[PDB]
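We begin with a single chain expressed as structure tokens, specifically the form deposited in one PDB entry.
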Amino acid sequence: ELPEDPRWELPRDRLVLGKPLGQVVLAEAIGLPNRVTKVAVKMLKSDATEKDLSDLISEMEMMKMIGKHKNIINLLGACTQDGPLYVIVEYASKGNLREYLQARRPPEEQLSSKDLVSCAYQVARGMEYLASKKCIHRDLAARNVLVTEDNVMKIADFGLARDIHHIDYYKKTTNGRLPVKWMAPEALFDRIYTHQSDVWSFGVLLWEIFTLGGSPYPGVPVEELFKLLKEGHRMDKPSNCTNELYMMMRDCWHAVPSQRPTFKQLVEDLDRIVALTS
């Protein structure tokens, strides 16, 4: 039923399926001839519907068009014939950025100020490329940024299929958080997603980096959040964060979308700051 694509197809016998990472499983690919590469494999569950298959195929086709970049999860290959569709993607051995940051908080080794600003820069870089490829993430957060064994930040879930007119606002993440806390007011209230709302989300992501896994608006429910946003509320400056970096966050949270900086700008700024960061 699935169309063959010689550009990305890998024989099934080349993919040794391993431990589930979260369905996404860790695996080893032989070749990609006599070397094995640890990869992540995305697949469907038994109780899945043809819709679920549709979405999975959509995410793969999306990854194909977007192309490669050091700071995004890249497509490595796929097993589409004679069996369950397997979408082989890059493996991130250190999990998501939130956890990575939390697991290094002082009472695993602590991160330096330069390390933190460097984390931000790489994320801005992944986004700059995605934006240039005409892609709107719609859910940029530290939970959706993965860290490789080499500490390379990689943006994930950028090719995901989603119905904005079907988003349950009263739904928590696996860790029990409310995704609406990363959405720009225009995206949340007017359902208007742009590279600019992604910038708003980047400001929230920056805040998580400088709070080392901090939760945005603890104890604040959907209804109260709407009110904060309507009143033009902005979170406080994280301790151990320069005024310069807080200003960046504040700039990303500009009420007017057109006045927010672009990822191209952010990349220039962060590139300059990193070098000035001890």
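Between two forms, the rigid core is defined as the largest C-alpha subset superposing within 1.5 Å. In case it trips you up, residue 1 is the first one in the sequence shown, and so on.
The same protein has a further form, the form deposited in another entry, not shown here; the description that follows concerns it.
| message | Which single residue of 43, 212, 249, 241, after superposing the core, moves its CA by 2 Å or more between this form and the one not shown? | response | Per the superposition, the moving residue is 43.
Item to check | Core-superposed comparison between this form and the one not shown, residue 15 Cα displacement 2 Å or beyond | outcome: The answer is yes, as the C-alpha of residue 15 shifts between this form and the one not shown by 2 Å or more after core alignment.
Requested in this report: Would you tell me if residue 167 moves between this form and the one not shown by 2 Å or more at its C-alpha, with the rigid core held superposed?
Outcome: Comparing forms between this form and the one not shown, the residue 167 CA shifts at least 2 Å.
Taking the rigid core as the reference frame, tell me whether residue 81 has a CA displacement of 2 angstroms or more between this form and the one not shown.
Where the cores coincide, residue 81 still shows a C-alpha shift between this form and the one not shown that is 2 Å or more.
| said: Closer or farther: how do the Cα atoms of residue 161 and residue 126 compare in that other deposited form versus the shown form, where the change is at least 3 Å? | reply: Result: closer.
In that other deposited form, do the Cα atoms of residue 195 and residue 164 sit closer or farther apart than here, given a shift of 3 Å or more? Relative to this form, closer in that other deposited form.
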